[PDB]
$ cat query.txt   # compact mmCIF, N, CA and C atoms
# COMPACT_ATOMS: atom_id res chain seq x y z
N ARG A 1 199.08 146.92 -22.04
CA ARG A 1 199.98 146.55 -20.93
C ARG A 1 200.28 147.76 -20.06
N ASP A 2 200.89 148.78 -20.65
CA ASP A 2 201.50 149.89 -19.91
C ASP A 2 200.42 150.75 -19.23
N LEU A 3 199.28 150.93 -19.90
CA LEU A 3 198.09 151.61 -19.37
C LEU A 3 197.37 150.80 -18.27
N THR A 4 197.56 149.47 -18.21
CA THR A 4 197.04 148.62 -17.13
C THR A 4 198.00 148.56 -15.93
N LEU A 5 199.31 148.49 -16.18
CA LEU A 5 200.34 148.56 -15.13
C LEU A 5 200.33 149.92 -14.42
N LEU A 6 200.21 151.03 -15.17
CA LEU A 6 200.07 152.38 -14.60
C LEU A 6 198.84 152.46 -13.68
N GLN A 7 197.68 151.96 -14.11
CA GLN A 7 196.47 151.86 -13.28
C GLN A 7 196.63 150.96 -12.04
N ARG A 8 197.61 150.05 -12.01
CA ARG A 8 197.91 149.22 -10.84
C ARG A 8 198.81 149.96 -9.85
N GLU A 9 199.85 150.65 -10.32
CA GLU A 9 200.71 151.47 -9.46
C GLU A 9 200.04 152.77 -8.99
N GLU A 10 199.11 153.33 -9.78
CA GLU A 10 198.12 154.35 -9.39
C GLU A 10 197.41 153.95 -8.09
N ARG A 11 196.74 152.79 -8.11
CA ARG A 11 195.91 152.31 -6.99
C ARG A 11 196.74 151.82 -5.81
N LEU A 12 197.94 151.29 -6.07
CA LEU A 12 198.94 150.98 -5.04
C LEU A 12 199.33 152.22 -4.22
N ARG A 13 199.62 153.36 -4.88
CA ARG A 13 199.99 154.61 -4.19
C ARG A 13 198.81 155.23 -3.44
N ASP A 14 197.61 155.18 -4.00
CA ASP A 14 196.36 155.55 -3.33
C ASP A 14 196.11 154.73 -2.04
N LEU A 15 196.28 153.40 -2.10
CA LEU A 15 196.11 152.48 -0.96
C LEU A 15 197.22 152.67 0.10
N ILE A 16 198.42 153.08 -0.32
CA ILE A 16 199.54 153.45 0.56
C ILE A 16 199.28 154.78 1.28
N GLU A 17 198.96 155.86 0.57
CA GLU A 17 198.79 157.19 1.17
C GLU A 17 197.62 157.21 2.18
N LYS A 18 196.55 156.45 1.89
CA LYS A 18 195.42 156.21 2.81
C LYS A 18 195.79 155.45 4.10
N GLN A 19 196.92 154.75 4.14
CA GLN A 19 197.48 154.13 5.35
C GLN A 19 198.53 155.02 6.02
N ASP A 20 199.41 155.66 5.25
CA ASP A 20 200.57 156.42 5.72
C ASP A 20 200.19 157.58 6.66
N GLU A 21 199.11 158.29 6.31
CA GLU A 21 198.44 159.33 7.10
C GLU A 21 198.06 158.86 8.53
N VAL A 22 197.79 157.57 8.70
CA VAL A 22 197.18 156.96 9.90
C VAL A 22 198.20 156.13 10.68
N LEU A 23 199.17 155.54 9.98
CA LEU A 23 200.32 154.86 10.55
C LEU A 23 201.28 155.84 11.23
N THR A 24 201.54 156.99 10.60
CA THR A 24 202.51 157.97 11.12
C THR A 24 202.13 158.47 12.53
N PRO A 25 200.88 158.89 12.83
CA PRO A 25 200.45 159.21 14.19
C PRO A 25 200.69 158.06 15.19
N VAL A 26 200.28 156.83 14.84
CA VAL A 26 200.47 155.65 15.71
C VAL A 26 201.96 155.41 16.00
N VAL A 27 202.83 155.46 14.99
CA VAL A 27 204.29 155.31 15.16
C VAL A 27 204.87 156.41 16.04
N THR A 28 204.48 157.68 15.86
CA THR A 28 204.94 158.77 16.75
C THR A 28 204.47 158.63 18.20
N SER A 29 203.46 157.80 18.47
CA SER A 29 202.99 157.48 19.82
C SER A 29 203.56 156.18 20.43
N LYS A 30 204.38 155.40 19.70
CA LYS A 30 204.77 154.02 20.06
C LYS A 30 205.42 153.87 21.45
N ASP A 31 206.73 154.09 21.55
CA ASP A 31 207.51 153.67 22.72
C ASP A 31 207.21 154.48 24.00
N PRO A 32 206.88 155.79 23.95
CA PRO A 32 206.38 156.53 25.12
C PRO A 32 205.06 156.00 25.69
N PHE A 33 204.29 155.22 24.93
CA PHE A 33 203.16 154.43 25.44
C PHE A 33 203.63 153.07 25.98
N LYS A 34 204.45 152.35 25.20
CA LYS A 34 204.98 151.03 25.56
C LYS A 34 205.64 151.02 26.94
N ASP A 35 206.54 151.96 27.20
CA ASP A 35 207.38 151.93 28.40
C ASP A 35 206.61 152.36 29.66
N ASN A 36 205.66 153.29 29.52
CA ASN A 36 204.66 153.60 30.56
C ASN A 36 203.79 152.37 30.87
N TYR A 37 203.32 151.68 29.83
CA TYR A 37 202.47 150.50 29.95
C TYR A 37 203.21 149.30 30.56
N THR A 38 204.48 149.07 30.20
CA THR A 38 205.32 148.03 30.81
C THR A 38 205.66 148.35 32.27
N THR A 39 205.95 149.61 32.59
CA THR A 39 206.14 150.06 33.99
C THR A 39 204.87 149.82 34.82
N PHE A 40 203.71 150.13 34.25
CA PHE A 40 202.40 149.84 34.84
C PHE A 40 202.16 148.33 35.00
N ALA A 41 202.47 147.50 34.00
CA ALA A 41 202.25 146.06 34.02
C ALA A 41 203.05 145.35 35.13
N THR A 42 204.37 145.56 35.21
CA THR A 42 205.22 144.98 36.27
C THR A 42 204.81 145.47 37.66
N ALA A 43 204.47 146.76 37.82
CA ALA A 43 204.00 147.29 39.10
C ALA A 43 202.64 146.68 39.51
N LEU A 44 201.73 146.47 38.56
CA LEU A 44 200.42 145.86 38.78
C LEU A 44 200.53 144.37 39.12
N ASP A 45 201.44 143.63 38.49
CA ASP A 45 201.68 142.21 38.75
C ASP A 45 202.21 141.96 40.17
N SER A 46 203.01 142.89 40.70
CA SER A 46 203.48 142.86 42.09
C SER A 46 202.34 142.79 43.13
N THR A 47 201.13 143.26 42.77
CA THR A 47 199.91 143.17 43.61
C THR A 47 199.27 141.78 43.62
N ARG A 48 199.75 140.85 42.77
CA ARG A 48 199.25 139.47 42.62
C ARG A 48 200.25 138.41 43.10
N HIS A 49 201.52 138.77 43.26
CA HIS A 49 202.58 137.99 43.94
C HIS A 49 202.35 137.82 45.48
N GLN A 50 201.09 137.79 45.94
CA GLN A 50 200.70 137.96 47.35
C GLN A 50 199.50 137.05 47.71
N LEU A 51 199.75 135.78 48.04
CA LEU A 51 198.72 134.77 48.34
C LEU A 51 197.87 135.13 49.58
N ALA A 52 196.54 135.04 49.44
CA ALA A 52 195.57 135.26 50.52
C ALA A 52 195.52 134.10 51.54
N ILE A 53 195.18 134.42 52.79
CA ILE A 53 195.21 133.47 53.92
C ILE A 53 193.98 133.66 54.82
N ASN B 1 188.60 129.19 -59.38
CA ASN B 1 187.64 129.69 -58.41
C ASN B 1 188.24 129.74 -57.00
N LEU B 2 188.83 128.63 -56.52
CA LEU B 2 189.38 128.56 -55.16
C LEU B 2 190.42 129.66 -54.90
N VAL B 3 191.31 129.95 -55.85
CA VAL B 3 192.31 131.03 -55.73
C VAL B 3 191.64 132.41 -55.74
N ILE B 4 190.71 132.69 -56.67
CA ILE B 4 190.06 134.01 -56.79
C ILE B 4 189.12 134.29 -55.61
N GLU B 5 188.41 133.28 -55.12
CA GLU B 5 187.47 133.35 -54.01
C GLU B 5 188.20 133.40 -52.66
N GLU B 6 189.19 132.53 -52.42
CA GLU B 6 189.91 132.50 -51.15
C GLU B 6 190.81 133.72 -50.95
N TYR B 7 191.39 134.26 -52.02
CA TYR B 7 192.10 135.54 -51.97
C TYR B 7 191.18 136.67 -51.52
N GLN B 8 189.91 136.68 -51.96
CA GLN B 8 188.90 137.62 -51.48
C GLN B 8 188.50 137.33 -50.02
N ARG B 9 188.23 136.07 -49.63
CA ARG B 9 187.91 135.69 -48.24
C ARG B 9 188.99 136.13 -47.25
N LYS B 10 190.25 135.73 -47.49
CA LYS B 10 191.39 136.05 -46.61
C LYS B 10 191.70 137.55 -46.61
N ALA B 11 191.57 138.24 -47.75
CA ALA B 11 191.75 139.69 -47.80
C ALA B 11 190.63 140.46 -47.07
N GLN B 12 189.35 140.13 -47.26
CA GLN B 12 188.24 140.86 -46.61
C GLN B 12 188.28 140.73 -45.07
N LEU B 13 188.73 139.58 -44.55
CA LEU B 13 189.00 139.39 -43.12
C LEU B 13 190.06 140.37 -42.60
N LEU B 14 191.21 140.47 -43.28
CA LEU B 14 192.30 141.38 -42.90
C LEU B 14 191.92 142.86 -43.11
N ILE B 15 191.13 143.16 -44.15
CA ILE B 15 190.58 144.50 -44.41
C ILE B 15 189.66 144.95 -43.27
N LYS B 16 188.93 144.04 -42.61
CA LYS B 16 188.26 144.35 -41.34
C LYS B 16 189.26 144.46 -40.18
N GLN B 17 190.02 143.41 -39.85
CA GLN B 17 190.87 143.38 -38.64
C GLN B 17 191.82 144.58 -38.51
N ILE B 18 192.43 145.03 -39.62
CA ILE B 18 193.34 146.18 -39.60
C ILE B 18 192.59 147.52 -39.51
N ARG B 19 191.33 147.61 -39.97
CA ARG B 19 190.48 148.79 -39.73
C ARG B 19 189.99 148.86 -38.28
N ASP B 20 189.61 147.73 -37.69
CA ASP B 20 189.21 147.64 -36.28
C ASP B 20 190.38 148.06 -35.37
N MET B 21 191.56 147.48 -35.56
CA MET B 21 192.75 147.83 -34.78
C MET B 21 193.19 149.29 -35.00
N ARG B 22 193.03 149.84 -36.22
CA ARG B 22 193.32 151.26 -36.50
C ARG B 22 192.42 152.22 -35.69
N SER B 23 191.24 151.81 -35.22
CA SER B 23 190.41 152.63 -34.31
C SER B 23 190.70 152.35 -32.83
N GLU B 24 190.92 151.10 -32.42
CA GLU B 24 191.27 150.76 -31.03
C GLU B 24 192.59 151.42 -30.59
N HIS B 25 193.61 151.42 -31.46
CA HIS B 25 194.84 152.18 -31.27
C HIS B 25 194.56 153.66 -30.92
N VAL B 26 193.62 154.31 -31.62
CA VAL B 26 193.30 155.73 -31.42
C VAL B 26 192.55 155.97 -30.11
N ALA B 27 191.71 155.03 -29.66
CA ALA B 27 191.09 155.10 -28.33
C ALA B 27 192.16 155.03 -27.22
N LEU B 28 193.02 154.01 -27.27
CA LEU B 28 194.13 153.82 -26.33
C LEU B 28 195.06 155.04 -26.31
N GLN B 29 195.44 155.58 -27.48
CA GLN B 29 196.32 156.75 -27.58
C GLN B 29 195.69 158.07 -27.10
N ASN B 30 194.40 158.08 -26.74
CA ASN B 30 193.73 159.19 -26.05
C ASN B 30 193.54 158.92 -24.54
N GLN B 31 193.26 157.67 -24.15
CA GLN B 31 193.21 157.26 -22.73
C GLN B 31 194.57 157.44 -22.05
N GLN B 32 195.66 157.06 -22.73
CA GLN B 32 197.05 157.30 -22.32
C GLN B 32 197.29 158.78 -21.95
N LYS B 33 196.81 159.70 -22.80
CA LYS B 33 196.94 161.16 -22.62
C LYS B 33 195.99 161.75 -21.58
N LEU B 34 195.34 160.90 -20.77
CA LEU B 34 194.71 161.29 -19.52
C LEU B 34 195.64 161.00 -18.33
N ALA B 35 196.27 159.82 -18.29
CA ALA B 35 197.21 159.41 -17.23
C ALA B 35 198.52 160.24 -17.22
N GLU B 36 199.02 160.66 -18.39
CA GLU B 36 200.20 161.56 -18.56
C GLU B 36 200.11 162.90 -17.79
N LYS B 37 198.90 163.28 -17.35
CA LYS B 37 198.62 164.49 -16.56
C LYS B 37 198.76 164.25 -15.06
N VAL B 38 198.60 163.00 -14.61
CA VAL B 38 198.46 162.62 -13.19
C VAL B 38 199.79 162.13 -12.63
N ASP B 39 200.42 161.13 -13.26
CA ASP B 39 201.58 160.50 -12.64
C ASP B 39 202.85 161.35 -12.78
N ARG B 40 203.27 161.91 -11.65
CA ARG B 40 204.57 162.56 -11.43
C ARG B 40 205.17 162.14 -10.08
N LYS B 41 204.81 160.93 -9.61
CA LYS B 41 205.21 160.35 -8.31
C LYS B 41 205.68 158.89 -8.45
N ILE B 42 206.50 158.62 -9.47
CA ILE B 42 207.03 157.27 -9.74
C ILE B 42 208.20 156.96 -8.79
N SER B 43 209.17 157.88 -8.66
CA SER B 43 210.36 157.67 -7.80
C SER B 43 210.02 157.54 -6.31
N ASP B 44 208.88 158.08 -5.89
CA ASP B 44 208.33 158.01 -4.54
C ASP B 44 207.87 156.59 -4.17
N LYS B 45 207.48 155.78 -5.17
CA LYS B 45 206.64 154.59 -4.99
C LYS B 45 207.31 153.55 -4.10
N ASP B 46 208.50 153.09 -4.48
CA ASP B 46 209.19 151.97 -3.83
C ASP B 46 209.80 152.35 -2.48
N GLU B 47 210.18 153.63 -2.30
CA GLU B 47 210.48 154.18 -0.97
C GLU B 47 209.24 154.08 -0.06
N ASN B 48 208.08 154.54 -0.54
CA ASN B 48 206.89 154.64 0.30
C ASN B 48 206.24 153.27 0.55
N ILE B 49 206.37 152.30 -0.37
CA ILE B 49 206.12 150.86 -0.10
C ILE B 49 206.95 150.40 1.11

$ encode --input "query.txt" --output "structure tokens"
Amino acid sequence: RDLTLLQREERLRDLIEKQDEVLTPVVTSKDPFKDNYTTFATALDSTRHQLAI
Amino acid sequence: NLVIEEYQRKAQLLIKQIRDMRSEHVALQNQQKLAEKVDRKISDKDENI
């Protein structure tokens, strides 16, 4: 039991650390990308509020 | 006959099973002493989940 449960929490921490390294950079880039991109989106949509004639 | 023979049948079965388990225990008790060197990050686990 205990040697099989240890081998499960072993592989759980391995599968976590292999994500944590890669999630942390993405999270540190989050909202300074979001708010630039939303400012860009609303400004870009204003170019389509304009029917051709 | 049935008492003298069946006492030998039931005993020889247990004389194997307890010798088999007496070696499997010793394999497990050495595999355990490989993991005891690695895991020092238990309290980290549920935070990092």

$ atom_distance --input "query.txt" --atom1 "atom C of residue 4 in chain B" --atom2 "CA of residue 19 in chain B"
21.5 Å

$ atom_distance --input "query.txt" --atom1 "atom C of residue 35 in chain B" --atom2 "atom N of residue 24 in chain A"
28.2 Å

$ interface_residues --input "query.txt" --of "chain B" --to "chain A" --cutoff "8 Å" --atoms "all atoms listed in the file" --output "MDAnalysis selection string"
chainID B and resid 31:32 35 39 45 48:49

$ atom_distance --input "query.txt" --atom1 "CA of residue 33 in chain A" --atom2 "CA of residue 47 in chain A"
21.6 Å

$ select_by_dssp --input "query.txt" --residues "chain A" --states "helix (DSSP H, G or I)" --output "ChimeraX atom specification"
/A:2-28,30-45

$ write_last_selection --input "query.txt" --atoms "N, CA and C atoms" --output "CSV table (one decimal), keeping the file's coordinate frame"
chain,number,residue,atom,x,y,z
A,2,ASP,N,200.9,148.8,-20.6
A,2,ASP,CA,201.5,149.9,-19.9
A,2,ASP,C,200.4,150.8,-19.2
A,3,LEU,N,199.3,150.9,-19.9
A,3,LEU,CA,198.1,151.6,-19.4
A,3,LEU,C,197.4,150.8,-18.3
A,4,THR,N,197.6,149.5,-18.2
A,4,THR,CA,197.0,148.6,-17.1
A,4,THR,C,198.0,148.6,-15.9
A,5,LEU,N,199.3,148.5,-16.2
A,5,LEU,CA,200.3,148.6,-15.1
A,5,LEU,C,200.3,149.9,-14.4
A,6,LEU,N,200.2,151.0,-15.2
A,6,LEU,CA,200.1,152.4,-14.6
A,6,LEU,C,198.8,152.5,-13.7
A,7,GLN,N,197.7,152.0,-14.1
A,7,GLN,CA,196.5,151.9,-13.3
A,7,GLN,C,196.6,151.0,-12.0
A,8,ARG,N,197.6,150.0,-12.0
A,8,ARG,CA,197.9,149.2,-10.8
A,8,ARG,C,198.8,150.0,-9.8
A,9,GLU,N,199.8,150.6,-10.3
A,9,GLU,CA,200.7,151.5,-9.5
A,9,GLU,C,200.0,152.8,-9.0
A,10,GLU,N,199.1,153.3,-9.8
A,10,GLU,CA,198.1,154.4,-9.4
A,10,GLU,C,197.4,154.0,-8.1
A,11,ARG,N,196.7,152.8,-8.1
A,11,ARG,CA,195.9,152.3,-7.0
A,11,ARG,C,196.7,151.8,-5.8
A,12,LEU,N,197.9,151.3,-6.1
A,12,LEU,CA,198.9,151.0,-5.0
A,12,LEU,C,199.3,152.2,-4.2
A,13,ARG,N,199.6,153.4,-4.9
A,13,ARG,CA,200.0,154.6,-4.2
A,13,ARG,C,198.8,155.2,-3.4
A,14,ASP,N,197.6,155.2,-4.0
A,14,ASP,CA,196.4,155.6,-3.3
A,14,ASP,C,196.1,154.7,-2.0
A,15,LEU,N,196.3,153.4,-2.1
A,15,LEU,CA,196.1,152.5,-1.0
A,15,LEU,C,197.2,152.7,0.1
A,16,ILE,N,198.4,153.1,-0.3
A,16,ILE,CA,199.5,153.4,0.6
A,16,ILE,C,199.3,154.8,1.3
A,17,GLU,N,199.0,155.9,0.6
A,17,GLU,CA,198.8,157.2,1.2
A,17,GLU,C,197.6,157.2,2.2
A,18,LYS,N,196.6,156.4,1.9
A,18,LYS,CA,195.4,156.2,2.8
A,18,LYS,C,195.8,155.4,4.1
A,19,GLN,N,196.9,154.8,4.1
A,19,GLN,CA,197.5,154.1,5.4
A,19,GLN,C,198.5,155.0,6.0
A,20,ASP,N,199.4,155.7,5.2
A,20,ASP,CA,200.6,156.4,5.7
A,20,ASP,C,200.2,157.6,6.7
A,21,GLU,N,199.1,158.3,6.3
A,21,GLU,CA,198.4,159.3,7.1
A,21,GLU,C,198.1,158.9,8.5
A,22,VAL,N,197.8,157.6,8.7
A,22,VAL,CA,197.2,157.0,9.9
A,22,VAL,C,198.2,156.1,10.7
A,23,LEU,N,199.2,155.5,10.0
A,23,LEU,CA,200.3,154.9,10.6
A,23,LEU,C,201.3,155.8,11.2
A,24,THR,N,201.5,157.0,10.6
A,24,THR,CA,202.5,158.0,11.1
A,24,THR,C,202.1,158.5,12.5
A,25,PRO,N,200.9,158.9,12.8
A,25,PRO,CA,200.4,159.2,14.2
A,25,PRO,C,200.7,158.1,15.2
A,26,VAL,N,200.3,156.8,14.8
A,26,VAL,CA,200.5,155.6,15.7
A,26,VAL,C,202.0,155.4,16.0
A,27,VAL,N,202.8,155.5,15.0
A,27,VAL,CA,204.3,155.3,15.2
A,27,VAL,C,204.9,156.4,16.0
A,28,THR,N,204.5,157.7,15.9
A,28,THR,CA,204.9,158.8,16.8
A,28,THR,C,204.5,158.6,18.2
A,30,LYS,N,204.4,155.4,19.7
A,30,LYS,CA,204.8,154.0,20.1
A,30,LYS,C,205.4,153.9,21.4
A,31,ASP,N,206.7,154.1,21.6
A,31,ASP,CA,207.5,153.7,22.7
A,31,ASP,C,207.2,154.5,24.0
A,32,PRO,N,206.9,155.8,24.0
A,32,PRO,CA,206.4,156.5,25.1
A,32,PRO,C,205.1,156.0,25.7
A,33,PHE,N,204.3,155.2,24.9
A,33,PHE,CA,203.2,154.4,25.4
A,33,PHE,C,203.6,153.1,26.0
A,34,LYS,N,204.4,152.4,25.2
A,34,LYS,CA,205.0,151.0,25.6
A,34,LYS,C,205.6,151.0,26.9
A,35,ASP,N,206.5,152.0,27.2
A,35,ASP,CA,207.4,151.9,28.4
A,35,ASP,C,206.6,152.4,29.7
A,36,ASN,N,205.7,153.3,29.5
A,36,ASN,CA,204.7,153.6,30.6
A,36,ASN,C,203.8,152.4,30.9
A,37,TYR,N,203.3,151.7,29.8
A,37,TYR,CA,202.5,150.5,30.0
A,37,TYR,C,203.2,149.3,30.6
A,38,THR,N,204.5,149.1,30.2
A,38,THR,CA,205.3,148.0,30.8
A,38,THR,C,205.7,148.4,32.3
A,39,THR,N,206.0,149.6,32.6
A,39,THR,CA,206.1,150.1,34.0
A,39,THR,C,204.9,149.8,34.8
A,40,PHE,N,203.7,150.1,34.2
A,40,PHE,CA,202.4,149.8,34.8
A,40,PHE,C,202.2,148.3,35.0
A,41,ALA,N,202.5,147.5,34.0
A,41,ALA,CA,202.2,146.1,34.0
A,41,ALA,C,203.0,145.4,35.1
A,42,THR,N,204.4,145.6,35.2
A,42,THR,CA,205.2,145.0,36.3
A,42,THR,C,204.8,145.5,37.7
A,43,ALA,N,204.5,146.8,37.8
A,43,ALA,CA,204.0,147.3,39.1
A,43,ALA,C,202.6,146.7,39.5
A,44,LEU,N,201.7,146.5,38.6
A,44,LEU,CA,200.4,145.9,38.8
A,44,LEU,C,200.5,144.4,39.1
A,45,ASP,N,201.4,143.6,38.5
A,45,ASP,CA,201.7,142.2,38.8
A,45,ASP,C,202.2,142.0,40.2

$ decode --input "query.txt" --residues "range 27-39 of chain A" --atoms "C-alpha atoms" --output "compact mmCIF listing (two decimals), in the first residue's frame"
# COMPACT_ATOMS: atom_id res chain seq x y z
CA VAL A 27 0.82 34.11 -15.27
CA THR A 28 3.52 36.86 -14.92
CA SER A 29 2.55 37.96 -18.50
CA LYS A 30 -1.31 37.87 -17.96
CA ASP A 31 -3.04 41.25 -17.39
CA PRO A 32 -0.38 43.58 -19.03
CA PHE A 33 -1.19 41.57 -22.22
CA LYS A 34 -4.99 41.43 -21.58
CA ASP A 35 -5.49 45.19 -21.10
CA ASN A 36 -3.30 46.15 -24.13
CA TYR A 37 -5.26 43.55 -26.19
CA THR A 38 -8.70 44.83 -24.95
CA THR A 39 -7.63 48.47 -25.67
